[PDB]
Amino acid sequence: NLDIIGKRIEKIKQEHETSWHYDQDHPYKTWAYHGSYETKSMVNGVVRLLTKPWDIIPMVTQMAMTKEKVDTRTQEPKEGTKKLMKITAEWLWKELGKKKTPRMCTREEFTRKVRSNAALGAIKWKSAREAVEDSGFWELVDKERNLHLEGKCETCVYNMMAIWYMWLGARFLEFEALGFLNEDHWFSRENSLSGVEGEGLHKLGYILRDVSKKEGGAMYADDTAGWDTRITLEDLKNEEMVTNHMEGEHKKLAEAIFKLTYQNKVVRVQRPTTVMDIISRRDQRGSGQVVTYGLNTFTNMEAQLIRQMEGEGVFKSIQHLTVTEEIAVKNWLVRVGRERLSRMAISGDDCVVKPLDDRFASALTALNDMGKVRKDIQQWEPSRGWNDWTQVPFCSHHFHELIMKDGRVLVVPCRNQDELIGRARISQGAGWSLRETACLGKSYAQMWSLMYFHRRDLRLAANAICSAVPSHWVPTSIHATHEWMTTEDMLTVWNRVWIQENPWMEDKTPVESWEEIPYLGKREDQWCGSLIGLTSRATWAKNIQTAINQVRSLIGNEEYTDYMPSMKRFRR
């Protein structure tokens, strides 16, 4: 314990030896308190001016205004639960590894990611780009590395905010050991028949409909109450078994990240009373946001196969597994494991399962005892499943089946339109020029034109924003692919995404205009949040050229395209 965290603790203690106070009124009983020291949501105006009807919708406007979960302790699974998890985890890493080779990620790869600007949740150097251009930083990584090979840690400390930051150096060493999981698509659907990494919103609906085609019971989509807080040291040990597939240096580096920064953690949390509190603990999810996605997917795949085993009566008791029950669990995994993975869509802590039958609904002993407690339902109340794949929630969406005038079938993502409009009206951080604010609006507009084209208000607002922002200005700012981030014409990108590259579309005839591209039903559009039929919305649509001109006047004398005549009503 303190042998693995002390140096990190000893080091911090000194840089702040002037104020090292062992507060006796610290609010902790689940963390291990160590000491304390002295320390010290903006609206996008381009989108808001082009969405005026929503200025009076509280679900939109309230989105732009303005832990007791982390300080909890998950129990220890029982012998039979621990055996089920170890056997399943061993088999799952083997399956994921059959067509993939673990490998170390490179300084070169990491530098390019930073040059391309990506969320690396990092903290001598201003930005992350400058540090990647300083050899001293790399000498620091080297000292830290050999330390990890020396089987010890000095500088890999978390900062809670609850999303924990590490400094760029410790992010590098995490990426070097484990980035292959994401960089080489270990959770692609093709490689892990449950995963959806890299799939994209335009694919998720087709995937759920493919699961719906399997013979079986209802579709179950139980959310876990605070997934990251329910990750057990036993979960962290089964995730570590990926190092068993590694060799040489890599295996040792990966082992150190798991041992020193996962199965042991040191965190700095700011407390108002404002001090810095240096706390530690073993279990719970604390990793980069990308590694956390992959390991969440893995452990979720594991938990859901075990829940399926319980429904199928592969085992009777989580208390203890018989010897013949071990061979049966193994027989089941080898005989039907891949078939049972294909009955799932799993995105980190989010899942949809189509089990063999509805015994799964009341198979709760392993799921509860693994600590993966379901959200807003009583611990022993059977799960309520969905009968129709078009009503299943997944990755904050539902999916509609939409028939084009030519008979071809689109499966399209959807959510409450208030949520879509409210999110596009928010920027993150400040220092934003009018130009950079306009390019973010453009990025939302292009997303709506490709993914939400079927919502009458969003196709009209997207056309209006793309009309209001200079034509050649470039849009700016893990299951997803951002095809809207481009200056290419949006009808050409629509054709590539929905027709050309769409494996569920046999007829490859390109669409010639936006009017070939259908909408949801008028009533189905209202149900999912549309303002069609309101007076405010009618005035907005009728007078849209006046709103477009207001924003053009603010941005100034630039080159604009009118995209509004791409809609039937706006044709002279």
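Note that residue numbering begins at 1 and tracks the sequence as displayed. Between two forms, the rigid core is the largest collection of C-alphas that superpose within 1.5 Å.
Root mean square Cα distance to the shown form, taken over structures and residues in 9 other deposited structures of this protein after a core fit, is higher for 454-462 when 454-462 and 382-390 are compared. Here 242-250 and 402-410 are scored by the root mean square distance of their C-alpha atoms in 9 other deposited structures of this protein, with each structure fitted by the rigid core; the higher score goes to 402-410. Note: missing coordinates for residue 479 occur in a third or more of the other compared entries bracketing this position.
Modelled in this chain, residue 123 is nonetheless absent from a third or more of the other compared entries whose models extend past it on both sides. In terms of unmodelled positions of the deposited sequence, the stretch from residue 66 to residue 67 in this entry skips 10 or more residues.
Where residue 72 is followed by residue 73 in the displayed chain, the model omits none of the deposited residues that would sit between the two. The stretch 374-382 shows the higher mean C-alpha B-factor when 374-382 is compared against 296-304 in the entry.
Once the C-alpha B-factors are averaged per stretch, 350-358 and 80-88 rank with 80-88 first. Highest CA B-factor among the listed residues (269, 469, 451, 410): 269. Looking at 366, 333, 424, 123, the one whose CA carries the top B-factor in the deposited record is 123. Ranked within its chain, residue 39 lands in the highest third, by CA B factor from the PDB record. Compared with the other modelled residues of the chain, the Cα B-factor recorded for residue 418 ranks in the lowest third.
When the modelled residues of the chain are ordered by C-alpha B-factor, residue 189 sits in the lowest third. When the modelled residues of the chain are ordered by C-alpha B-factor, residue 213 sits in the middle third.
The entry lists a Cα temperature factor for residue 482 that places it in the highest third of the chain's modelled residues.
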